[PDB]
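Heads up, the chain below is alone and in the form deposited in one PDB entry; it's given as structure tokens.
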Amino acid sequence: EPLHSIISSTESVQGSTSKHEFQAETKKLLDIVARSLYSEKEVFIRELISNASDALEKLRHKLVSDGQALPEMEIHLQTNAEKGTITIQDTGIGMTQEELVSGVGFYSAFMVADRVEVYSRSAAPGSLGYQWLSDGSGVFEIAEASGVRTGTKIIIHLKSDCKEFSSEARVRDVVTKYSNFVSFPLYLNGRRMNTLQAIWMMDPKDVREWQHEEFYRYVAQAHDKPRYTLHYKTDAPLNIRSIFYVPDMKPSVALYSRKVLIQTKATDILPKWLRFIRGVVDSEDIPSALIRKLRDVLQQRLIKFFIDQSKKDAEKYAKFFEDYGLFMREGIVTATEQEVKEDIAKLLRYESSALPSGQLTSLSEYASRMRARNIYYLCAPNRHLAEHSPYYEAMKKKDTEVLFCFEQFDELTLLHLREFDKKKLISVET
């Protein structure tokens, strides 16, 4: 496909640049970001793009609010080999003189640059354009520039061992690494980059199956379909935009922040027993501490979800328990103190003496058909042998209901559980 160029030197400076010493706080901050902080250095590409989005949205918003039309709202990257530069321009809202004089991920630029050169023109009516110059140490210069398009153009003059970010290939890799889901069109050297839609940001109402399937296949790198889907948004405990998938196939969740990738392989935002879940979690509250915060609410709502699933459909949950009950048992055993154990145990389903043999039941359901109070269960090789066990018959005219485990790990699980809400766990062999 033919090329889309919106990057050229249309800017000039007529007068002199006013030199300006940076505030004590902000130098310290600046080469904290440039020297101390980010592990990966590539992420500057990620942060600038992030800014490039924000501005753009606030352009759209304003315009859409005022009721006036929309210009070409795009993000562009260009790499120059001989000049050793990388440039990112966005046609979003701009920057007043004030803002310039006074996004912070921006400073990550100086991780890779020996000098940074910015041109910016506010979208505000009548706004003038400006040139901003810095070498990354306490001093920057500001001129009034002309031929600055509305939006912001950032030119990075790369360091020596940082010039790898001048090759279209490398930059392409970084871009598709952290930014397949950027909301506005993104071009590298004239060529469109991303195509994927952050459907997790949408209204759960508005995403249909075909999509959820697409995304499922992307983040799970799978070819089956999600047997289960949970689109969870919340603003109360923490900021969360997430989607969770349970595969058709029998036997990881990516962590994004504002449609931007933080960690693809992020197995700390969910309990180890919920590792069979696929999908995405997006939280603004993210740079191990808070991840704990997050993960806890994630676990509780996923438990909630599967409980609701048992109710909304019994048989499909039966197959789900057959294929994924391993993780639930393991997670019950692993859980440190009781409350969590019981919570996860609300997901277990087993046969009953009363129920027709095939039919299943949670401990919860067992506790209602009860008389006010104790559990009873039994590992036996099958139903036949179980309800023919003299221990069960012993339990004929005591008019008591007993659960049937047919595998040792089931009974070991019920044993470890010790008890479940105000009733205690005991086999009919004691």
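The first residue of the sequence shown is number 1, and the count goes up from there. Throughout, rigid core stands for the largest set of C-alpha atoms superposing within 1.5 Å between the two forms.
In terms of unmodelled positions of the deposited sequence, the stretch from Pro287 to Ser288 in this entry skips 10 or more residues. Counting the unmodelled positions of the deposited sequence between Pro251 and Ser252 gives a long gap of 10 or more residues.
Stretch comparison (159-167 versus 226-234) by mean CA B-factor in the PDB entry places 159-167 on top.
Mean C-alpha B-factor is higher over 293-301 than over the other stretch, the pair under comparison being 293-301 and 140-148. Taking only the listed residues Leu37, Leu59, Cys405, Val43, the entry reports the highest CA temperature factor at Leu37.
Across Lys272, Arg349, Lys265, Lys83, the entry's maximum B-factor at the CA atom is seen for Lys265.
When the modelled residues of the chain are ordered by C-alpha B-factor, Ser108 sits in the middle third. Residue-level temperature factors show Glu11 in the lowest third of its chain, judged at the C-alpha atom. When the modelled residues of the chain are ordered by C-alpha B-factor, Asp343 sits in the highest third. When the modelled residues of the chain are ordered by their C-alpha B factor, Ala386 lands in the highest third.
Sorting the modelled residues of the chain by their CA temperature factor places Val64 in the middle third.
Keep in mind that the form deposited in another entry is missing from the display, and what follows is about it.
The Cα shift for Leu30 between this form and the one not shown, taken after rigid core superposition, is 2 angstroms or larger.
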